[PDB]
Amino acid sequence: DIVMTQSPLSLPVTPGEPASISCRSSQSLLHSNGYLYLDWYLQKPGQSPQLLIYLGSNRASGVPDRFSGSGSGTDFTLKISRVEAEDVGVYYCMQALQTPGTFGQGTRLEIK
Amino acid sequence: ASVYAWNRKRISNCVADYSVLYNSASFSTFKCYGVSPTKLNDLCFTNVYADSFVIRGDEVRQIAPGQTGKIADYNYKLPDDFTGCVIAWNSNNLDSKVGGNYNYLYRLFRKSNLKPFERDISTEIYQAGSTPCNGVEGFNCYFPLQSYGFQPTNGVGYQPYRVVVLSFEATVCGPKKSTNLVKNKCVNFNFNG
Amino acid sequence: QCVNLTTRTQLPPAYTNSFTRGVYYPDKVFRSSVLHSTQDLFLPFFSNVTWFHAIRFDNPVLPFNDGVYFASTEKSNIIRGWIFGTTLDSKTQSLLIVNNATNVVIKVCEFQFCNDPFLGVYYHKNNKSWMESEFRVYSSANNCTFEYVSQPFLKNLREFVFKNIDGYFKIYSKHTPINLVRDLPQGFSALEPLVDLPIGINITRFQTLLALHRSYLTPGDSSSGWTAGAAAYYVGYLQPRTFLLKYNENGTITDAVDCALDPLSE
Amino acid sequence: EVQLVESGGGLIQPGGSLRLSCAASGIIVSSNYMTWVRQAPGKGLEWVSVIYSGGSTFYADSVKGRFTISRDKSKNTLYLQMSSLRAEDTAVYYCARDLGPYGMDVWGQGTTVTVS
Amino acid sequence: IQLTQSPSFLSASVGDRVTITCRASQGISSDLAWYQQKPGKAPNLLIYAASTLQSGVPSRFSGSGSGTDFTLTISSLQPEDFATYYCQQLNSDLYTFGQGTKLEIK
Amino acid sequence: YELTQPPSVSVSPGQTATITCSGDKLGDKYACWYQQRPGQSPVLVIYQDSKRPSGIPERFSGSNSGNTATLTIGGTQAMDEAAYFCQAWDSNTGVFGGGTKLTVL
Amino acid sequence: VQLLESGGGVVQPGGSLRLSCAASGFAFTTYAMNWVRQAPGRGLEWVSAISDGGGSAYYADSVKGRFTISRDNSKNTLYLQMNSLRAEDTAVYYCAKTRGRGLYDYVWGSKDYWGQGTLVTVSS
Amino acid sequence: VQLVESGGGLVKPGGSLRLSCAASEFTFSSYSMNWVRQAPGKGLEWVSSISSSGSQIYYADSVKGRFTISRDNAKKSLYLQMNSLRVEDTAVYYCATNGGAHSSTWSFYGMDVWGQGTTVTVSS
């Protein structure tokens, strides 16, 4: 199993400020073919998640430009350029390398 | 089936009734490049290939000896020496779905061109320009297969079209509505020649 | 598979005498009490036919010159079929005839025949009359056109004539219960055709298929206990000759004379 | 990263000969659908030609019999044989890459062609 | 096929909700690409397949419609959102465009 | 389908050993037996419930009837101390027995 | 694109259920699918995934044997077999499609589009 | 034939391996292969089996959907794809020939030629 831990557990950040969310893998998620198989999700309150960051550093269709991912091997960080009022909710990471698919425990970016 | 993975049936050592086809009056296309359709049921052919698939109305043009476009050069190619009958018909009431019929697909992004009668089933990440993805769906790394949007709202040129291409090659002959035989009378007959 | 068994047995050919043998109905036509003179491919009277027996069973590829006459005493179902072809490899279509116990299977594929094709036979203790045949004939069999199935062709003497004329493969057969000791009998019998397969391939060589048992297994040889039962089959060769066939009142060929056999027959 | 650069147009007498060039960096021309697109002054975009990834060619009704599209695999470049030039050929031409359901994702800067 | 945009000259102030219509005469239902062209510049994809946001386009741009009707919807205008907006027939043989709608920050 | 073998049995050297193998209607099936001396890859010693492979002395006698498969070793010696796996095939499935360990004193 | 999940409700401890993920607006013929559960206030946790044409039936330990999945490639629907349900599967279930359609885009990996979810409650 | 295996090594649970069993002679073609794993503390387990032609492939109940046996009679090699290597897969694997050409004749033979086993270890 790949047990992944997020850091930190909560990030209440005022809108307009920047925010970084880090989630480190127990094993190495690098180079199944040359990429970093960690994916980032946002579950906004009351509705279903969709992809924010795929392959560690890249994002899917239509994502706000403020989101960006970084890190290699075991450490990975999400980089929000400017927190706003629509960014509230839990953030998940997932290892996408081995069949047992494990998500994070959930850190909300909220407005304090 | 879809035009990329077109079905091909070998028909040999059976008895063929070509009258049902030529005299059905439900086909949008009946163009024979070998022997005329009305004179097709007396020529003993060897193998009869049945290439069945669904395309669009504008894509029926590409099903012709020596054509170009998506279907001709990337899906199904009809040879310039095709000696058979292309049989097409609209299927807007059968293979079209309200919202698009994505069950049917077609290969668009293929490296080179297609060979006469070749099934294109290369379903692997297609690098368009020069971006190595090593098997990743992305920019200049899209999937060569592309879906269809068959809908009743689609126009004739975008509507679904079932096309069975009959290729031909001493096992299947006929015809003359064989007149029932008579007995005990000195008669004039034609017994298989 | 392709377990090979032709280790070193290289005996000289043995010749027996096909006395008055291998006359088929070379036509499509009923005939009353009449002596008809036919000019077709026939096996000459009193000719030397190569004889193969268990000794086991060299079973070599033999020429299919213009058509062969095949006989077999084979009091148990040991002779099973033939693998006629041009190269007996891929890239060339070849014909495979096999019958299990209740059906005959005919195929024309680009087979990958083994160098010693045969069918292993096994008897399960639950139901002894099982005959679990395993194929050791080809390794690959793909991309083929013709495929025929029917009721099987086959001390219960069996006689076959094969010939390949104008794309048609013709099989003439006669099944006779015999009491003679070892070789072909004397009584005249006429071979009447079974099928006429529109194969259309070129055939220049052929090889019979044998039913071998596993008598003992040494751990690594794969070629240890392949005993060949007890059977004997003969191979003649058809030559273009003129015969004079006596048709019965009912239309059956009861008798014949070979021409250029001896002056009296002439 | 993906850049198309064009050259070859210019003021040319009516009915004369000319040729355009379109060098490509990043995209391989020899395996993608490249189109020629025209824009007359005071008018919008309009299609001219497309050469398939396999090498099959296509031109418009207003183009057949006059222009020819051509390529080079060594220089990764796209060409257009310009000939029998009438007054209506005065336009700016861009090279674009055709992906079917995906739109003209990359474009060229454009070159002005004038007929006089 | 003939594509008609409606209407040609269009004007609004910043923050207005705009709906630029390219009307399909036959009905094709998935083959639209939205081409925004800065005056005298190189066009760019906005919405491909007539409903999906092409990558890097800001989230204020939306597309809608399928079949015979099609529209371009801008949720909140910007002073730089003036351009000439094209509609194109995807999956076609002549790649027919529209005449062009010139939005104006007015 | 399972084959049941006693965990282990032992006899003095020079005696006759008897090791059983139980299965549901196992006398209707073909059973193979193997010898695994410790630290060694196994070797086939009995197959088809009655036949004895080449290279094996005749004192390896096996029989099958009913729901029990049995192997008999007369004149047991020192190197008969090995793991003995009764094998059988049912519905194309290789299922091995428990494996009875034979100990000689 | 719509991912309509059907079925679901109150089922009995140890009873049975079957869930339907009716998908539309996309191929689904060359796309993989995923099943994701979320017990109340306990986080997204994985269940299942399937290949383009079935056969590849990939499960977690807690659903070993007890859950099985299937798809209707003609009707474009996803299914989910349930047996002997325990109290830890009381959750809302998301069917989600993989990004994409090539190999090394793992059929148990990225999940681009998600559904609306239906609650499955095991109680009495 | 003379059989040698390779590929067993240290991997963590869920990882991937690909064992092998190479033959000396070309008599390999006539042998239906079997994969048998030996536990570090127990006897043997049948893993999979393949026909002489390779068209009759069977797996144990505990391993289907994970392993992929394949062979190459012209390459005189036997492989075993080893995916989702999971907690109890640590063992020593034996490649053993049957002799029977097809699965219908396997009961008439036994596994006679075993190569030197290869040790596979899965652990965190």
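Points worth noting:
- The range G:2-122 - charge dipole about Cα centre, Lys and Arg +1 at Cβ, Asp and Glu -1, debye rounded to 20: 60 debye
- Net charge, B:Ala5 excluded, C-beta distance under 13 Å - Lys, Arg +1, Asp, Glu -1: -1
- As a length-normalised measure over Cα pairs under 8 Å and 6 or more apart, the relative contact order of chain H settles at 35 percent.
- Within chain F, the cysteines lacking any other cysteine Cβ closer than 4.7 Å to their own Cβ are F:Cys32.
- Cβ-Cβ FRET estimate between F:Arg37 and E:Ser92, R0 fixed at 60 Å, reported to 0.05: 0.20
- For the residue pairs C:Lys91/C:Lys174; G:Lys64/G:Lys111; C:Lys155/C:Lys246; C:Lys75/F:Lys25; B:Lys9/B:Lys70; F:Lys29/H:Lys76, alpha carbon separations beyond 30 Å are given by C:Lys91/C:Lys174; C:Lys75/F:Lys25; F:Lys29/H:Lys76.
- If you plug the beta carbon distance of A:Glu86 and E:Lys106 into 1/(1 + (r/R0)^6) with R0 = 35 Å, you get a FRET efficiency near 0.70.
- Site pair B:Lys115 and B:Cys44 shows an inter-label distance of 3.2 nm when each label is modelled 7 Å from Cα along Cα→Cβ.
- Cα-based radius of gyration of chain E once divided by 2.2 N^0.38 Å, which approximates compact folds: 0.99
- More than 26 angstrom apart: percent of Cα pairs within chain A: 12 percent
- The range C:1-101 shape via C-alpha gyration tensor axes, a/c threshold 1.5: prolate
- Burial ordering of C:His53, C:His175, fewest other beta-carbon atoms within 10 Å first: C:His175, C:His53
- B:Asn184 versus H:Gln116: modelled label distance in nm, points set 7 Å from Cα along the beta carbon direction: 9.4 nm
- Summed side-chain charge close to E:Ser92 - residues other than E:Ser92 whose Cβ falls under 15 Å, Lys, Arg +1, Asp, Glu -1: -4
- Over chain C, the ratio between the Cα radius of gyration and 2.2 N^0.38 Å evaluates to 1.05.
- Value of Rg to Rh for chain H (Rh from inverse mean 1/r over Cα pairs, i.e. Kirkwood): 0.95
- Across the alpha-carbon set of the range B:1-74, the Rg to Rh ratio works out to 0.97, Rh being the Kirkwood radius.
- Reachable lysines from A:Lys112, criterion Cα separation under 23 angstrom, eight or more residues apart if same chain: A:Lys44, A:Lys79
- If you plug the beta carbon distance of C:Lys246 and C:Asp183 into 1/(1 + (r/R0)^6) with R0 = 25 Å, you get a FRET efficiency near 0.50.
- Lone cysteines, chain C (no partner Cβ under 4.7 Å): C:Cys259
- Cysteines not pairable in chain B (beta carbon separation under 4.7 Å absent): B:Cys14, B:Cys186
- Using alpha carbons only, the radius of gyration of chain B set against its Kirkwood radius gives Rg/Rh = 1.11.
- Computed on chain G, with alpha-carbon pairs under 8 angstrom and 6+ residues apart, the relative contact order is 34 percent.
- Neighbourhood net charge (12 Å Cβ-Cβ; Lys/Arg +1, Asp/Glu -1) for F:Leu102: 0
- Loop-resident sites, the range B:71-139, for GluC sites (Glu not before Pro), counting at most 16 other Cβ within 10 Å (DSSP): B:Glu118, B:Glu124
- Stokes-Einstein translational diffusion, the protein assembly as shown - Kirkwood Rh over all Cα pairs, 0.692 mPa s, 37 °C, in µm²/s: 90 µm²/s
- Ignoring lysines fewer than eight residues from B:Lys177 along the same chain, the ones with Cα atoms less than 16 angstrom from its Cα are B:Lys39.
- Loop sites in the range D:1-80: GluC sites (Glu not before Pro), DSSP, at most 15 other Cβ within 10 Å: D:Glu1
- Nitroxide proxy distance, nm - points 7 Å out along Cα→Cβ at B:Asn192 and C:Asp27: 1.9 nm
- Using only the C-alpha atoms, the convex hull of the range D:3-115 corresponds to 98 Å³ per residue.
- Hypothetical label at D:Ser25: residues of the range B:109-139 whose amide nitrogen lies under 17 Å (7 Å Cα-Cβ projection): B:129-131
- The mean sequence distance of close C-alpha pairs (under 8 Å, at least 6 residues apart), as a share of the length of the range E:3-105, puts its relative contact order at 37 percent.
- Per residue, the convex hull spanned by the Cα atoms of chain F measures out at 94 cubic angstrom.
- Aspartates and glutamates with Cα under 18 Å of E:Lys41, excluding same-chain neighbours fewer than 8 positions away: D:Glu6, D:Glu46, D:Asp105, E:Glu80, E:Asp81, E:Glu104
Every number here is computed from the coordinates shown, using simple stated rules; none is lab data. Methodologically, a virtual Cβ is constructed for each residue, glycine included, from the backbone with ideal geometry; neighbour enumeration extends over all protein chains shown.
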